[PDB]
Amino acid sequence: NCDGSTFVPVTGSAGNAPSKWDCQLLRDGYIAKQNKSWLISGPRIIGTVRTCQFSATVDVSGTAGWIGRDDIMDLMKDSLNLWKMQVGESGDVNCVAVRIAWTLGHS
Amino acid sequence: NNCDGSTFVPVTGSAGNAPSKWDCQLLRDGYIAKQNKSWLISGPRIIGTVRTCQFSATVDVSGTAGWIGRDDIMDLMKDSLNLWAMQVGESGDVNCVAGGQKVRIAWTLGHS
C-alpha cells in the first residue's frame, strides 16, 4: 500500500537514540506478528518495545491512509541498514486512502 | 544562503517529547538570527539549543561535507513552525554547497 518512501536521518542529543536491540525486537518480535494494517489520520504510535518506537501521521490535515505491517517491516529494515548523534529515521510515503509521514525513534 | 528549497517531514513521537514552541521561537530569533556564519556539516552536529528546543544536521552519504548558512536555518525553522503520539519535530533533506558540486544535508528541528 505504501511505496517509494523517502528516508531522512533524524539528528538529536547524545543519549536520546533508542537501543537498536529494542528496534530489532520491535520489527521481528512485535510488528512481524501483527497481521493487520493501521488507519493513520493523525499522530499515532503503531508499536513500542521499551526505548524504540514506530509512529506515523498524515501530511495533509483532514486526510486518512492505510499503512500495513509489511510496509513497516520494510521501512524498519531499510532505516536500521541506513544508520551507524542519529536518534531516528523519518520518511514520507504514499499509501491507499495519501501521504503518510512515519518515524522510527525513541519511545 | 548556501542551501536550496529543502523538504519537510513531520516527526512523530510520545506525548510529552515535543519541545516548547517558545524555546523554538527564541532559538530562531534570539540565537540563530545573531550567528553571522555558515556551519560545515560532515556528521551529526547540533547548531543551536534553547532549553527544550534544538536545531541539528548531518550528511546523507558519509564521507561527504556541506555548508548550511544562518539564513537557510532561519527559513527551515520558520517553515517548520508554520507546518507544525504527538508531533515532536520537523526534519528535512536539502542540497547545500559541498564546501560533487552539491551535498545532501539532513536537518532536524526538535527536542534538546
Side-chain angles (χ1 to χ4, degrees), chain A residues 4-18 22 38-61 63 65 67 72 75 78-79 81-83 85-94 99-107, chain B residues 6-19 23 39 41-64 66 68 73 76 79-80 82-95 103-112:
Chain A
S5 145
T6 64
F7 293 87
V8 179
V10 177
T11 298
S13 292
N16 290 348
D22 292 342
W38 296 262
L39 186 51
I40 312 305
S41 9
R44 186 169 173 188
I45 292 153
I46 288 124
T48 312
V49 174
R50 302 171 189 106
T51 72
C52 198
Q53 188 163 270
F54 199 90
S55 61
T57 197
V58 286
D59 305 88
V60 178
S61 183
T63 60
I67 187 161
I72 298 168
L75 295 173
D78 298 349
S79 298
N81 282 135
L82 296 165
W83 196 337
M85 57 178 332
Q86 186 177 350
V87 295
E89 199 85 9
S90 290
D92 214 47
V93 73
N94 276 293
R99 293 169 52 232
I100 300 197
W102 62 269
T103 299
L104 172 64
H106 210 280
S107 63
Chain B
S6 188
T7 66
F8 285 77
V9 178
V11 176
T12 295
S14 300
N17 291 349
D23 293 345
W39 294 265
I41 313 304
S42 62
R45 185 161 182 200
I46 291 153
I47 289 126
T49 311
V50 174
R51 293 187 284 256
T52 73
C53 199
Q54 188 166 85
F55 198 94
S56 64
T58 197
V59 67
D60 308 281
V61 200
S62 50
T64 61
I68 189 163
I73 299 169
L76 293 173
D79 299 345
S80 298
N82 281 324
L83 288 161
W84 201 338
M86 59 161 344
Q87 184 180 342
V88 295
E90 198 85 9
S91 291
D93 215 46
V94 73
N95 251 91
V103 175
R104 291 180 57 234
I105 302 206
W107 63 269
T108 297
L109 169 65
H111 209 280
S112 65

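What you see below is based on every heavy atom in this structure, not just the backbone, and it leaves out hydrogens, waters and symmetry mates. So that the names make sense, note that chain A is the first sequence line, chain B the second, and so on, each numbered from 1.
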Requested in this report: Please determine, among B:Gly110, B:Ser112, B:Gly43, the option with the most heavy-atom pairs under 4.5 Å with chain A.
Outcome: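 The residue among B:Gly110, B:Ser112, B:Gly43 with the greatest pair count is B:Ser112.
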
**Report entry** Residues of residues 4-13 of chain A with any heavy atom under 4.5 Å of a heavy atom in chain B
**Finding:**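 Contacts with chain B: A:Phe7, A:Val8, A:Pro9, A:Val10, A:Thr11, A:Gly12, A:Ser13.
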
Query raised in the report: Residues of residues 48-58 of chain B under 4.5 Å from chain A (heavy atom pairs)?
Result: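 Residues B:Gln54, B:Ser56, B:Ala57, B:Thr58 are the ones that qualify, each having a heavy atom under 4.5 Å from chain A.
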
**Report entry** Reported OG-to-CG distance for the pair B:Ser62 and A:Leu82, which is rounded to 0.5 angstrom
**Finding:**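 One finds 10.5 Å between OG of B:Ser62 and CG of A:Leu82.
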
